[PDB]
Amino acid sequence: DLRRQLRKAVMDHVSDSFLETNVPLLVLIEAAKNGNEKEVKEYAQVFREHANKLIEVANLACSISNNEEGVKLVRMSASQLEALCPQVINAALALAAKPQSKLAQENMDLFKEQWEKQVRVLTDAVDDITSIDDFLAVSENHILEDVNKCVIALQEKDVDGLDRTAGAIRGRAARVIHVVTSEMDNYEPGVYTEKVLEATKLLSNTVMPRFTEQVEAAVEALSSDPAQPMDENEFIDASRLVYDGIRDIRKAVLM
């Protein structure tokens, strides 16, 4: 529960005052453009200190993440920000000494754009290991689309697409159960945890298994010659249930 508190606290990456590096960078750049070496040097320290704060928040988030793969991207992304920082400062100092230097202007701009992109990659990486909310909203978007492709495949008698779409649904559904289950080991018993876990079990033990059997039966029938008849309604019903199930896990995790 304390780590869960630290997590939310660390959610201060959502534009934090002391973790904010884009504004200090625009200011450092403007001093560079106006050719003010002293101003640059002053703002360079502020920019570097917030980048260091941002990095510190990211490393900390990594220490309370069992997401071994999310954590690697964060660490990698952090180390690249670290290497990039002094190079941005030197492009500013260079421009500060030669403000009319067009090359110094172009380099500043390329470093600025590179910093913005790298800061975005890091913050999204830290968002991923401190909240599965985004993950679930995306998972839900993909499930709906894949379920819809699965039913169109049925209507177009596309056995390949049926098996392929059903494989993507099953794998995404299985990953949702895994990402939610573990995440639940950060809370204590209550009507919350239980509702999330009952939603997850209904998906894995009841919904997924019957969707699988309907896919199997559709393929078996469509692979006939002529196609052997079938109940498209049970198939449609079972595929929709996959979406309902994932959507319910998401609602539960949110409350």
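A residue's number is simply how far along the shown sequence it sits, counting from 1.
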property	result
69 to 77 or 169 to 177, whichever carries the higher mean Cα B-factor	69 to 77
Higher-B stretch (mean Cα B-factor, as the entry records it), 116 to 124 or 181 to 189	181 to 189
Top residue by Cα temperature factor, when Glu37, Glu49, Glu213, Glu30 are compared in the entry	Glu37
Largest Cα B-factor, entry values, listed residues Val207, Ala221, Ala199, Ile55	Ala221
B-factor third for the C-alpha atom of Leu154 within its chain	middle
Third of the chain, ranked by Cα B-factor, where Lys251 sits	middle
CA B-factor placement of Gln87, once the chain's modelled residues are sorted into thirds	lowest
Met108 CA temperature factor, ranked by third within the chain	middle
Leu203 CA temperature factor, ranked by third within the chain	middle
